[PDB]
Amino acid sequence: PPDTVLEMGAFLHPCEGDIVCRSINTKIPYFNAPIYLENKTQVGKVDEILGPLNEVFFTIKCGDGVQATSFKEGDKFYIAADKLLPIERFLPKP
Amino acid sequence: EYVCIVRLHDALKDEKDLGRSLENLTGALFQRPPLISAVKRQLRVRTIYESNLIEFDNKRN
Amino acid sequence: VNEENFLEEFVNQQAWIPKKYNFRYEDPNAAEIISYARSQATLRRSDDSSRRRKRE
Amino acid sequence: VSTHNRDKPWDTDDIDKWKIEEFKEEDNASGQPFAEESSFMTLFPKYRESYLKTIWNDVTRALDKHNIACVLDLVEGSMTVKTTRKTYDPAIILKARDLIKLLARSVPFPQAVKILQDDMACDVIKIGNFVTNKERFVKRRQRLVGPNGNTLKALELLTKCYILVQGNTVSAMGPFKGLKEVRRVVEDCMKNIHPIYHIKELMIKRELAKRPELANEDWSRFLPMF
Amino acid sequence: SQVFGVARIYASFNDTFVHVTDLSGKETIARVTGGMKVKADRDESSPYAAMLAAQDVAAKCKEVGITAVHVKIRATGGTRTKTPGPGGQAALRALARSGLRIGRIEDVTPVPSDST
Amino acid sequence: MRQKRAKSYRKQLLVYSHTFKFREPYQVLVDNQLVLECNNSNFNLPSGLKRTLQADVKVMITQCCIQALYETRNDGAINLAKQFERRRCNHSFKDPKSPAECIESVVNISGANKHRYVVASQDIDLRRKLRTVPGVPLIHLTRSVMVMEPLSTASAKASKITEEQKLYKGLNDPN
RNA sequence: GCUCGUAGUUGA
RNA sequence: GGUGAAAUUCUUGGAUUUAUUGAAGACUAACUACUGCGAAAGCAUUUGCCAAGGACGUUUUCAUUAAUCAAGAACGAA
Ligand SMILES: [Zn+2]
């Protein structure tokens, strides 16, 4: 596991076995980027990035033994620093 | 422009929330092309200028 | 080879005294009883004790 | 001597009483699924987690042979087995309740998956309750395995059971007579009785069992008291 | 329709009990043990005796009108073993072969605080 | 002996026993400075080692250290050395090594403590470059008090790696 | 059995 | 009921099994532990009160302050 992980998302609700998170990070995650806790333990990987620019959500593909119903609202999910890329890339260039 | 039918996998507790969700998806959006599309699947920003919910049947979903 | 033979050399050699795959013994390193540290990095939620909450 | 026993004319020596006939879908004569879902849940120690996280899919496929649904919850630290609509065997859920428990007590999955067979039985014996001193408990627990495992081997050949000692438990898998003998040996071993006395008793019992004339009378004069 | 009883099976290493009661257990319909079937005391826990006991119990249930039974399986428990005897699986399978629909299956073994 | 230092020593010995499989009796090598200091200060070295380790002790010396002891020409130090049981080192008699380098050749094989020795030496940079070697307990006599050195960083790293492989090997091996 | 601790001994 | 099989016992005055209630002396299932805490003995239901502590960091009116310790004393065992 990486030494430095940054808080990425906050729990919103489960959806079809996946975890929906409102992004509490300014940057956009890499596809299939692993999702951690404060204990540096992986709960899953980023499955889908969705939502408007002001309010970004992402759904996590839960791993083996990780259940979406086990988590409660207000739980924070963490991502590695190198797995974030700036939002200016997806916007069209001037 | 599109007229689209969405099928929900379960019945909503609140009807109006669906319309609210549609109002959340109006604007600049983060989208990835589906697997069926021949376009390469990378994350892009696409603008939905205006949307309107015509009808919703929560029993028919 | 055969079990019963080994059993009488077990009693004759006094093998129970320490020296101065249907079964577990066929697995190597079965002689060691594995022990683990009390603290592991785990995914399991850990509730706080009452003493720690009172200290907070 | 039991009094007020009635005669049983149907009982004869021809019937093999201990045979287990196979259970199939046609054996479930009601023809309907189980009325309500039956579930069994257990917790496991934290050190087993990653191992479970690796093997769970294989575990799932095993229970897919018996229409049993399994759920691993690493956040809760629990393993759950439950019946489905496809389930037809009433007993196979209970064996499932054994399997995860055997998986919780450091028994490997290739060994523990044999509990789904009909002839196999299991026992998890608590050894951490007998004595409170740590050094005495460690010494008595090491007496079970013995030097180089030989005593453990001497148990496994005599009771015909797979025996795994872990933490505060001993997990034994085999026939019912072997489970009875293993429980006796383990519980006496935690009570400061060395297992070699029980091993010698099982040897004398095994050699007396071969002689047919010694079956009716008592074996107490042959057996050395301890 | 469907009339429910509760089948309580005491599966020990020496003997088996097949006992159908009502839902509360206050009133009982049939109670046949494995010792009523076999002459020898060594065979009271055999799958044959348990199968015959469950057949007799399910015949009485069909006589009174019980169509489905809930299952409460039980081992000796307490200070003794928590493994059900060889007769419990046989009694369950014989109740299934007799035509009774199976409800919930749960384990009612008395589990102590494990210290005396 | 106070209970706190004894408890700390017991915890360190548990770390050495779990990771590096140290077993009673502990095999302790002594150095010639320690022999001289125990001679002059009249310190009972086997009793001090039995007190510090809280277990049975087996005391050894090499050719080179006892050879330097004859070079010091101290009869009491030679006698004190020769009560301890003998463990030979493969070094030249005419040109013996320095006691520090000899005791490292005895202890440090391929960057690890193969023979599971305990080093009781007074010399200091010897103790530094034996702290570089993992799983080597260090003991020294200072001001008539015999002190076991704290657990080195290499030993703690080895213990952490050992617990990590315990999580994924043995009975927890997926195979 | 564990700890404290006196006479005496060592270093100060 | 128990056993290798039996036997001593309890049992149509109803034993065993099931349901409910009362009393007694106890223990705190899984998690869970040879690595946590405690000088040992030993120590996991919830909530309060009391005093004590370990490790880490910053340091000290800081050595004739320490180490070995017969006697003796506290706890435990008995
Ligand atoms: Zn040398």
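Chains as they are written, first to last, in PDB author numbering: chain C, 33 to 126; chain A, 122 to 182; chain I, 212 to 231, 261 to 296; chain H, 2 to 227; chain L, 11 to 126; chain K, 1 to 175.
All residues carry an ideal CB built from backbone N, CA and C; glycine is no exception.
Euclidean distance between Cα positions of residue i and residue j
i: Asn42(K); j: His140(K); result: 15 Å
i: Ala21(L); j: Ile197(H); result: 31 Å
i: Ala281(I); j: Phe131(H); result: 31 Å
i: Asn145(A); j: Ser55(C); result: 15 Å
i: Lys102(H); j: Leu180(H); result: 16 Å
i: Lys161(H); j: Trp19(H); result: 17 Å
i: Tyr48(H); j: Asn262(I); result: 25 Å
i: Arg142(H); j: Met191(H); result: 7 Å
i: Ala50(L); j: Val2(H); result: 12 Å
i: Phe110(H); j: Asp173(K); result: 10 Å
i: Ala156(K); j: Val166(H); result: 28 Å
i: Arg107(L); j: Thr43(H); result: 30 Å
i: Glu24(K); j: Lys129(K); result: 26 Å
i: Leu174(A); j: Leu82(C); result: 20 Å
i: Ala210(H); j: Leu224(H); result: 13 Å
i: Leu218(I); j: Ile66(K); result: 50 Å
i: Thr162(K); j: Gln152(A); result: 46 Å
i: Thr170(H); j: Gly129(H); result: 7 Å
i: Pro34(C); j: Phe109(C); result: 14 Å
i: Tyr9(K); j: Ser159(K); result: 16 Å
i: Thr38(L); j: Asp8(H); result: 25 Å
i: residue 177(K); j: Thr72(K); result: Outside the displayed range of chain K (1 to 175) lies residue 177(K), so it cannot be described from this structure.
Residue j beta carbon less than 9 Å from that of residue i
i: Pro148(H); j: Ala271(I); result: yes
i: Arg103(L); j: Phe24(H); result: yes
i: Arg98(H); j: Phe177(H); result: no
i: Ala70(H); j: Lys83(H); result: yes
i: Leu45(K); j: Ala120(K); result: yes
i: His199(H); j: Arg184(H); result: no
i: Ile126(H); j: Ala173(H); result: yes
i: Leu36(K); j: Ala77(K); result: yes
i: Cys89(K); j: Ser110(K); result: no
i: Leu129(A); j: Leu139(A); result: yes
i: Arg41(L); j: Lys82(L); result: no
i: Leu33(L); j: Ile76(L); result: no
i: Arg284(I); j: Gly78(H); result: yes
i: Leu203(H); j: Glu182(H); result: yes
i: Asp119(H); j: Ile21(H); result: yes
i: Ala60(L); j: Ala85(L); result: no
Where residue i meets chain C, residues with beta-carbon distance less than 8 Å
i: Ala281(I); result: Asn71, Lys72, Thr73
i: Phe151(A); result: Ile60, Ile81, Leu82, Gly83, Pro84, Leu85, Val88, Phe122
Extent of the continuous alpha helix (DSSP H) run through residue i
i: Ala155(H); result: 151 to 160
i: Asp75(K); result: 75 to 83
i: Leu103(H); result: 93 to 105
i: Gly179(H); result: 177 to 191
i: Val222(I); result: 214 to 223
i: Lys160(K); result: 153 to 168
i: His199(H); result: 196 to 211
i: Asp51(L); result: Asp51(L) -> no alpha helix (DSSP H), and no H or E assigned at all.
Presumed contact (8 Å Cβ cut-off) between residue i and residue j, rounded CB distance
i: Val28(L); j: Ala64(L); result: 5 Å
i: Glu37(H); j: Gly113(L); result: 6 Å
i: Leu117(C); j: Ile60(C); result: 6 Å
i: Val78(C); j: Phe90(C); result: 6 Å
i: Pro96(L); j: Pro57(L); result: 6 Å
Residue span of the beta strand (DSSP E) that contains residue i, given as start and end
i: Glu80(C); result: 74 to 82
i: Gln27(K); result: 26 to 30
i: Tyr110(C); result: 108 to 112
i: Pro66(C); result: 66 to 68
Partner residues on chain L for residue i, Cβ-Cβ distance less than 7 Å
i: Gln33(H); result: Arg111
i: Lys181(H); result: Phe23
Within chain H, partners of residue i - CB distance below 9 Å
i: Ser55(C); result: Ordered by position in chain H, no residue passes the 9 Å Cβ test against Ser55(C), which lies about 22 Å from the chain.
Contact list for residue i against chain H, beta-carbon separation under 8 Å
i: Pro174(K); result: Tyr52, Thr55, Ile56
Interface residues of chain K facing residue i [CB-CB closer than 8 Å]
i: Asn269(I); result: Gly170
i: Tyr48(H); result: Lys166, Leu167, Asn172
Residue i: contacting residues in chain C (beta-carbon distance under 7 Å)
i: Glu22(H); result: Those within 7 Å of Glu22(H) in chain C number zero; the least Cβ separation is about 37 Å.
Closer than 9 Å at the beta carbon, the chain K residues around residue i
i: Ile274(I); result: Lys166, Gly170, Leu171, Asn172
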